[PDB]
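Protein chains in written order, with PDB author numbering: chain X, 206 to 261, 273 to 291; chain E, 206 to 261, 271 to 291, 310 to 377; chain C, 615 to 665; chain G, 1 to 113, 133 to 193, 212 to 276; chain B, 136 to 316; chain D, 285 to 330; chain A, 1 to 46; chain W, 5 to 205. Single-structure report; data block below.
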Amino acid sequence: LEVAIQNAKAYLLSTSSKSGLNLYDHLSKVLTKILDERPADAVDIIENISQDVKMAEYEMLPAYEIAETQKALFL
Amino acid sequence: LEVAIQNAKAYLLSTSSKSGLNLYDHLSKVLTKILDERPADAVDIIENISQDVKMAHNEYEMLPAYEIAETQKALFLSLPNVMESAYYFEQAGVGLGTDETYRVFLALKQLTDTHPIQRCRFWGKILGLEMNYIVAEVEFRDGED
Amino acid sequence: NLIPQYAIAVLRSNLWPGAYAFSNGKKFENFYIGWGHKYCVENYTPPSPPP
Amino acid sequence: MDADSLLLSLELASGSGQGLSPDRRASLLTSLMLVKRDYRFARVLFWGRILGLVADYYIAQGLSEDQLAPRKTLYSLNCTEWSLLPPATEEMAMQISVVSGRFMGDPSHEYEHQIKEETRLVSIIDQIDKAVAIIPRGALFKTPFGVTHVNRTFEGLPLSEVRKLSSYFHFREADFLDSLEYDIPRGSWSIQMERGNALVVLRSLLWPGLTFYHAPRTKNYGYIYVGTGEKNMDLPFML
Amino acid sequence: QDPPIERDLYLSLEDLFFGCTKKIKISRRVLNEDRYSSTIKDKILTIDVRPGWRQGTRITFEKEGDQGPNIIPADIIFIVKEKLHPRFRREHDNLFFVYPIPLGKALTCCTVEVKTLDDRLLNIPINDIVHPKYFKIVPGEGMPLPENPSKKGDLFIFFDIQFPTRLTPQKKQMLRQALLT
Amino acid sequence: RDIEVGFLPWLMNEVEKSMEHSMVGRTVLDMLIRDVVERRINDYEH
Amino acid sequence: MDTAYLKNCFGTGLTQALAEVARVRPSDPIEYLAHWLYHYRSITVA
Amino acid sequence: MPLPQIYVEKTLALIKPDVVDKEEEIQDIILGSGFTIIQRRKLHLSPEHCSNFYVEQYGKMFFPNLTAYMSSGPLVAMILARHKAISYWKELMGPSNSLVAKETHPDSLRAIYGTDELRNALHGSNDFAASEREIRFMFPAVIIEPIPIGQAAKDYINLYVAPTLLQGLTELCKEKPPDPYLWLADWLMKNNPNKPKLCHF
């Protein structure tokens with residue numbers, strides 16, 4: 206099947222212009238992060254490792281204000 | 206290099222405890238279907254096609279955490313107010329927390345019920361290497377055990 | 615209840631949910647922690663207008 | 001709520017103020033572990049309390065693999081003595097509609113409107148679960164095997180997503214679950230921030246006593262119904 | 136021809152609940168071409184017992200039983216039969232438990248301790264007055280159905296009430312004031 | 285009637301090709317493991 | 001022949017079926033095939 | 005084997021009910037030695053299972069004690085895999101007879117945990133083909149062997165699958181039933197030659 210695996214290397218991936226990512230690079234990063242000791246249930250985790258590799273404080277400012285006024289309680 | 210690569214599979218072949226599959230066989234199947242259909246659309250479908258691949271007399275073991283639970287239900291079935317005193321201790325960061333304090337309180341209740349004790353005080357807790365101690369200061373009424 | 619000789623008398627009003635009264639037998643205190651409403655078995659009738 | 005809500009007072013941390021004493025909390029920890037032993041549930045969450053006029057029904061709910069299964073209810077009056085409550089149906093939902101009033105501690109109590136208090140307990144717990152059992156957005160992931168599991172990689176909601184009712188789900192049969218933004222009345226849910234806004238507290242107004250816990254920084258969540266056990270039909274007047 | 140031997144083999148409740156396996160050594164009356172020998176070619180027949188097989192379920196092994204010179208062997212190892220247990224009586228996919236409740240516990244709140252075939256323990260509330268025809272259904276917790284091992288029938292808990300064997304005259308007044316008013 | 289010559293020969297060829305495609309998938313996966321991990325030990329020590 | 005009827009009816013299903021059965025090598029291939037066909041509906045029709 | 009592909013060797017490894025209590029130390033030595041565990045599972049073999057598991061040697065090992073020591077409580081089976089898996093696991097084990105291993109191999113796990121000839125602490129694959137046979141027995145639906153890509157798959161199908169599938173499809177062609185898959189699958193379940201006919205009545 207040497208011609209077939211040659212075609213397999215030939216595909217992965219003529220770069221998809223819709224996203225600019227490669228199956229070889231994407232799955233390579235996915236597996237690289239997996240080989241840092243994900244657990245035996247890693248089969249159920251690749252669905253959002255794929256999301257993370259595909260992806261690759274002001275919202276909580278009201279938290280600081282309530283903290284700021286509460287300093288006077290014990291100061 | 207060889208030991209690293211077969212260690213990499215023998216990791217990846219590790220069967221999941223919930224689905225019963227392993228990541229290596231799943232990746233083989235998903236690459237098989239990807240190479241079969243050739244999406245163009247190859248990267249975007251990797252999630253959906255993974256869902257598509259997942260689409261297509272039992273013994274039981276249990277931990278040592280229920281023999282303690284077997285032991286400690288008897289707690290819930310002439311002392312001092314141990315919770316009150318610990319609350320005074322807890323006002324300066326001293327005590328075992330309310331849960332452990334109440335557990336020791338019920339243990340002291342069992343001790344008082346078992347033996348003829350005039351006063352049964354929570355003396356202290358001496359920390360240990362394998363198992364800690366829960367010491368009870370006891371003063372007997374009749375002198376008998 | 616497991617150690618009744620150090621119990622505290624709990625009171626649940628059932629007219630103002632969240633309203634509580636407490637006493638160790640010597641001292642006492644009161645505390646409300648509800649929504650501020652009176653309990654009613656019947657559904658809330660808006661009062662009729664004047665005749 | 002899970003056992004993590006019984007190692008610390010997560011219930012009273014919501015500011016609703018109703019919860020379990022440390023007596024009941026430790027007793028419940030041991031008893032729910034023994035319930036998970038005796039009944040082979042995947043998890044055993046403390047459902048909450050039905051505050052009666054004589055005694056309070058401490059309620060626990062069994063969770064299967066398979067978490068949207070018809071969850072198995074348990075009750076206990078003295079906390080530790082857990083007993084398998086029967087499951088609910090539609091007839092028993094229609095049966096208790098003629099009865100109103102506060103629960104009695106003895107579940108053998110009879111109403112002449133006969134009707135057993137156990138049937139009331141079963142039906143009211145079912146109604147509370149179908150109405151106001153909360154799941155945060157993304158905490159549960161529909162597995163491809165036709166089964167719902169914990170989304171064990173779930174990160175708590177962003178603080179932008181905290182304030183929306185769309186980020187919270189009805190924990191029942193139906212992202213698969215129905216969101217709270219269609220739970221009529223439109224104002225039927227109260228969202229508030231406690232404890233430095235590391236704590237989201239979401240209380241039902243239609244079923245008072247429910248308070249849903251969530252820590253946005255992590256995946257610590259849960260709901261407990263500690264209350265009288267009636268439906269606030271006065272809610273549109275009160276809003 | 137000669138009939139198949141309708142052998143009966145007894146399976147306890149856990150075997151038909153978990154789906155065990157069984158081996159039955161068979162006869163040595165297998166014939167060669169000489170048509171007078173008595174040897175054996177397959178010592179053991181194995182049956183994969185699946186969950187929920189009811190009593191009378193026929194498992195047949197064609198061409199495996201005893202054989203004469205000019206007949207086809209056949210055998211019906213085995214008719215599913217149920218052993219006595221401590222205790223559930225096998226009916227159509229339902230388990231019938233008998234709890235020897237004492238009187239005084241029958242008339243008031245009671246909790247029935249049921250070990251199941253899963254090795255799970257059940258505390259079933261009994262808040263009804265237990266007269267000697269009462270039974271509580273614990274649904275969806277019987278044996279698995281043969282047509283669907285995921286689904287299971289209902290458990291029935293009947294009661295054998297133990298009346299008192301002797302009563303004090305004080306206890307007679309106790310009872311007369313309680314029950315007849 | 286005579287499906288023994290008709291259709292099963294085709295299906296045996298299709299099982300052979302599908303298992304060949306499966307082996308291609310397993311091979312491609314194995315090359316992916318090599319590429320990722322050899323990139324890991326070589327670059328990690330540098 | 002009857003090839004065309006069963007050309008249309010089964011197609012890819014039997015191919016995947018015996019491919020999986022030959023790969024797995026179970027003790028009872030026939031029961032495995034029946035269960036797999038059941039599961040194959042349960043994914044495709046639903 | 006001298007393909008582009010690279011190869012994992014796999015071996016079965018068991019712990020008996022008189023040694024399962026020390027499962028954790030045995031797993032610690034297994035992992036520390038360099039093995040990688042693929043799957044765990046808790047077993048309880050009835051005597052029928054014991055007769056089938058040793059079926060390559062049950063016709064010579066007429067030891068009722070050997071069946072009891074699998075049936076007298078649960079087992080802990082594992083798949084282990086590392087560089088020269090079976091020989092390394094044999095080296096840790098030592099002689100199969102623990103009575104010899106106790107005095108001659110102090111380092112052996114069988115000496116540490118075992119008792120005697122039949123109360124051997126561990127059982128595992130003594131041969132690669134035996135490894136495939138026992139692993140395919142105990143943990144179904146786990147791929148362990150090279151895939152039969154070529155004529156071997158055709159021989160497997162023609163010897164096990166085709167003699168039933170041909171005849172069933174032939175009757176399916178005579179009937180031409182609607183939604184033909186029910187007819188085929190229910191036919192295969194009902195008239196399996198390797199199983200008896202079940203009459204659920």
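We treat Cβ as the ideally placed atom computed from N, Cα and C, and that holds for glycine.
**Q.** Paired residues, beta bridge with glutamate 91 (chain G) - DSSP
**A.** Paired residue(s): none; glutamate 91 (chain G) is not in a bridge.
Q) If you draw a straight line from the alpha carbon of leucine 328 (chain E) to that of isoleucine 30 (chain W), how long is it in whole angstroms? A) About 36 Å.
Q: Please classify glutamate 656 (chain C): does DSSP put it in a helix, a strand, or coil?
A: When secondary structure is reduced to three states using DSSP, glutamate 656 (chain C) falls in the coil class, being assigned neither helix nor strand.
Q: Compare the C-alpha of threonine 168 (chain W) against each of W:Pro144, W:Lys194 and W:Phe143 and name the closest.
A: W:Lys194 is the residue among W:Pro144, W:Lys194 and W:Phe143 whose C-alpha sits nearest the C-alpha of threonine 168 (chain W).
**Q.** Identified DSSP bridge partners for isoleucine 261 (chain G)
**A.** Among the bridge pairs identified by DSSP, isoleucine 261 (chain G) is matched with G:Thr248.
Q) So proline 8 (chain W) and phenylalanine 196 (chain B) are in contact, right, with Cβ under 8 Å, and what is the actual spacing, rounded? A) 49 Å between Cβ atoms; not a contact.
Q. Between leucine 7 (chain G) and the rest of its own chain, which residues show a CB-CB distance below 6 Å, the 5 nearest in sequence each way excluded?
A. Closer than 6 Å at Cβ, skipping near neighbours: no residue.
**Q.** Stretch-stretch touch, CB-based, cutoff 8 Å, three pairs: the stretch 155 to 166 of chain B with the stretch 51 to 59 of chain W
**A.** Put simply, the stretch 155 to 166 of chain B touches the stretch 51 to 59 of chain W. At least three CB pairs are less than 8 Å apart.
Q | Where the beta strand (DSSP E) containing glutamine 61 (chain G) begins and where it ends | A | Element bounds for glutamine 61 (chain G): 57 to 63.
(Q) Determine whether the beta carbon atoms of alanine 213 (chain E) and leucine 240 (chain X) lie at a separation below 7 Å. (A) Yes. Within cutoff.
Q: Please list the partners that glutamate 252 (chain E) has in chain X, where partner means a Cβ-to-Cβ separation under 8 Å.
A: What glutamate 252 (chain E) touches in chain X: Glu252, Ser255 and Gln256.
(Q) Which residue wins for smallest C-alpha separation from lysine 234 (chain E), given the options D:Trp294, D:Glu304 and D:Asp319? (A) Among D:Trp294, D:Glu304 and D:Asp319, the Cα nearest to that of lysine 234 (chain E) belongs to D:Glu304.
(Q) Looking at the strands, I want to know which residues DSSP matches up with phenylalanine 46 (chain G). (A) Per DSSP, G:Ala60.
Q) List, in order along the chain, the chain G residues whose C-beta lies closer than 8 Å to that of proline 274 (chain B)? A) Residues of chain G passing the Cβ test: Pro86 and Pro87.
Q) When you compare only the Cα positions, how much space is there between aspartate 377 (chain E) and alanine 318 (chain E)? A) Taking the straight line joining both Cα atoms gives about 28 Å.
Q. Is it true that the CB of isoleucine 59 (chain G) sits closer than 7 Å to the CB of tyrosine 39 (chain G)?
A. No. Outside cutoff.
(Q) For residue 96 (chain B), which residues in the same chain have their Cβ closer than 8 Å to its Cβ, ignoring the five residues on either side in sequence? (A) Outside the shown range of chain B (136 to 316) lies residue 96 (chain B), about which nothing can therefore be said.
Q. In terms of DSSP beta bridges, what is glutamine 229 (chain G) paired with?
A. Bridge partners of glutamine 229 (chain G): G:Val238.
Q.
Using a 10 Å radius around the Cβ and a threshold of 16 neighbouring Cβ atoms, would you call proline 665 (chain C) buried or exposed?
A. It counts as exposed.
(Q) Just verifying my parser: in three-state terms, what is the DSSP assignment at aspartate 183 (chain B)? (A) Assigned with DSSP and collapsed to three states, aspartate 183 (chain B) falls in strand.
Q | Residue nearest to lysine 183 (chain G) in terms of C-alpha spacing, selected from G:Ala69, G:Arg223, G:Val98 and G:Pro163 | A | In this structure, G:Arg223 is the residue among G:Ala69, G:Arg223, G:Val98 and G:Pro163 with its C-alpha nearest to the C-alpha of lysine 183 (chain G).
Q: Assuming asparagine 170 (chain G) contacts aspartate 4 (chain G) (C-beta within less than 8 Å), just tell me the rounded distance between them.
A: Actually they do not touch by this definition, with Cβ atoms about 17 Å apart.
Q: Please go through the same chain and pick out, in chain order, the residues whose beta-carbon is closer than 8 Å to the beta-carbon of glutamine 286 (chain E), but skip the five residues on each side of it.
A: The answer, listed in chain order, is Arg335.
Q: Apply the 10 Å Cβ neighbour rule to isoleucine 317 (chain D) and answer buried if 16 or more other Cβ atoms are within range, or exposed otherwise.
A: By the Cβ neighbour-count rule, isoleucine 317 (chain D) is buried, with 16 or more other Cβ atoms within 10 Å of its own.
**Q.** Contact under 7 Å by Cβ, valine 238 (chain G) with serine 14 (chain G)
**A.** A contact, by the Cβ cut-off of 7 Å.
**Q.** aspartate 169 (chain B), enclosing alpha helix (DSSP H) - first and last residue
**A.** No alpha helix (DSSP H) contains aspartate 169 (chain B), which DSSP labels as neither H nor E.
Q) Is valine 624 (chain C) helix, strand or coil by DSSP? A) Residue state for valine 624 (chain C) is assigned as strand, using DSSP reduced to three classes.
Q.
Measuring straight from C-alpha to C-alpha, what distance separates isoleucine 153 (chain W) and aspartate 210 (chain B)?
A. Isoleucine 153 (chain W) and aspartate 210 (chain B): Cα-Cα distance of roughly 40 Å.
(Q) So, at 6 Å on beta carbons, what are the nonlocal neighbours of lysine 250 (chain B) in its own chain, with the 5 sequence-adjacent residues on each side left out? (A) So the list reads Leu256, once near-sequence residues are dropped.
(Q) Give me the residue from W:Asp131, W:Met5 and W:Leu84 with the minimum Cα distance to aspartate 32 (chain W). (A) Nearest neighbour of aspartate 32 (chain W) by Cα position, chosen from W:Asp131, W:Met5 and W:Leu84, turns out to be W:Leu84.
Q: With a threshold of 16 other CB atoms inside 10 Å of the CB of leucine 35 (chain W), please say whether the residue is buried or exposed.
A: Exposed, since its Cβ has fewer than 16 Cβ neighbours within 10 Å.
Q. Distance, Cα to Cα, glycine 105 (chain G) vs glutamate 137 (chain G)?
A. Cα to Cα, the separation comes out at about 10 Å.
Q.
For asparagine 205 (chain B) and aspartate 137 (chain B), I'd like the C-alpha separation in whole angstroms.
A. Taking the straight line joining both Cα atoms gives about 10 Å.
Q: Using the Cα positions of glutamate 300 (chain D) and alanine 157 (chain W), report the straight-line distance between them to the nearest angstrom.
A: CA-to-CA, the gap between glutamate 300 (chain D) and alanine 157 (chain W) works out to about 8 Å.
Q | Residue span of the beta strand (DSSP E) that contains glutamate 369 (chain E), given as start and end | A | Counting along the chain, the beta strand (DSSP E) containing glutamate 369 (chain E) begins and ends at 367 to 372.
Q. Considering only the beta carbon of each residue, do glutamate 149 (chain B) and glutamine 190 (chain B) sit closer than 7 Å?
A. Cβ distance not < 7 Å, so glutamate 149 (chain B) and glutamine 190 (chain B) don't count as in contact.
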